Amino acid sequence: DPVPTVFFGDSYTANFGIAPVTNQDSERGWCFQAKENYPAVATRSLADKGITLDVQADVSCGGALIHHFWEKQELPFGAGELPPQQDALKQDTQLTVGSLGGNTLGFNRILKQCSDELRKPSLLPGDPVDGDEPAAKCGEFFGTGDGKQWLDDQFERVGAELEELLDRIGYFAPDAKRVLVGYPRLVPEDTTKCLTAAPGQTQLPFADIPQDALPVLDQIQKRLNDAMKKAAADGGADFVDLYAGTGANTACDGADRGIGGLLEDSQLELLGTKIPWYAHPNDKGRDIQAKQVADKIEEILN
C-alpha cells in the first residue's frame, strides 16, 4: 500500500553538501538538495522492509526558515522565489517528515559571529548577530552579551513558529502523521576532541571558532533540541531525536564524524571548486539520519 508522503525541511533534510544535486539546471538547483538526502535513502530502506512510501514531494531546500513553510522562499542571486512548502501537501497525504527550525533560531548567524573566516563571502546565509562584536568575543557575547537576550528572543520566535507549522500541517493533511526531525550533534560533551584536525584534514572541525566558544554552541543546540521536542509533544507530532545518538558522530569524532567540518570540502563543485561542508551531515552523518528516520517511521506505521 502506498503511504503518500511529503518531505519538507531546511538543509539538514536537503543534505547540503552531498552531490549530485537534484534540479541542477533549474531554479531549485539553489536548494542544494542532494539526490541521495536522508529522505531518498530512508525510502529505499523502508521499501526493502516492505514499507512503500509514495513520495509526492520533497521540497526541502537549504536556507529555509520555519516560516518558508507558509511563505515564499527567495533563492539567492535572483534565482527566483520558491512557493511555500505547505503547498506540497495534499488532503490524501498520510506522512510528513522534515527538519525546520535551525534557520529561524539562526544557527548560521551564530557560526559567523564566532568566525571571521565565516564573516567573508561564503554560500552560508545570514549575517553575524552583532557585526561589530568580534569573532573571538563570541563565547562571551552569547553567554553574557546582547547575544544572550537575542537568543531568548529567537527561542520564543521558534516555539510559536514550530507550533504554527505543526498546525498548518494538521489543517492541510488532516490524516498525516507528523514527524519532526531533530539536528544531529555538532559538538561533543568533550570539546577537547575538536582541538585536533580529523585524519586527512589540515583544518580544525570548527575553523577559527574560539574553543571556549565550543561549549556554548552545544548548550545552544541542546535548547533548540529541547524546543523541537516540546513542540512535537504539544502538537501531536512524533520527533526523531538525532542529537541524543550522534554523541560520538559529531564534527570532532575524527573518522566516525557525521558532520563535515566548517571549512572542510563537500562534494559540491561550482567552477573548479569544492564548496565546504559548513558543518552539515556527510555521507555517514546522512546514513544515520537516514537510519533513525527509517526506524521511527516503521514504529508509527505499526
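Throughout, we count residues from 1 along the sequence that is shown.
**Student:** For the C-alpha atoms alone, is the average B factor greater in 273-281 or in 237-245, going by the entry?
**Tutor:** Stretch with the higher mean C-alpha B-factor: 273-281.
**Student:** Can you tell me which stretch has the higher mean Cα B-factor, 70-78 or 161-169?
**Tutor:** Higher of the two, by average CA B-factor, is 70-78.
**Student:** For the CA B factor values reported in this entry, which option in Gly29, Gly260, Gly62, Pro39 has the top one?
**Tutor:** Comparing C-alpha B-factors across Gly29, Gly260, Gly62, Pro39, the maximum falls on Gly29.
**Student:** Which one of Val181, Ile110, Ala136, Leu95 shows the biggest C-alpha B-factor in the PDB entry?
**Tutor:** Answer, based on the entry's C-alpha B-factors: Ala136.
**Student:** Using the B-factor values recorded in the entry, state whether the Cα atom of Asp87 falls in the lowest, middle or highest third among the modelled residues of its chain.
**Tutor:** Lowest third of the chain for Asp87's C-alpha B-factor.
**Student:** Tell me, lowest, middle or highest third: where does the Cα B factor of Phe155 rank within its chain?
**Tutor:** Within its chain, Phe155 is a middle-third residue by C-alpha B-factor, going by the deposited values.
**Student:** Where does the C-alpha B-factor of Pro205 rank in its chain, lowest, middle or highest third?
**Tutor:** According to the entry, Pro205 has a C-alpha B-factor in the chain's middle third.
**Student:** Hey, what third does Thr52 fall into on Cα B-factor, ranked over its chain?
**Tutor:** Highest third - that is where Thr52 ends up once the chain's C-alpha B-factors are sorted.
**Student:** Within this chain, which third does the Cα B-factor at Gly101 fall in: lowest, middle or highest?
**Tutor:** It falls in the bottom third of the chain.
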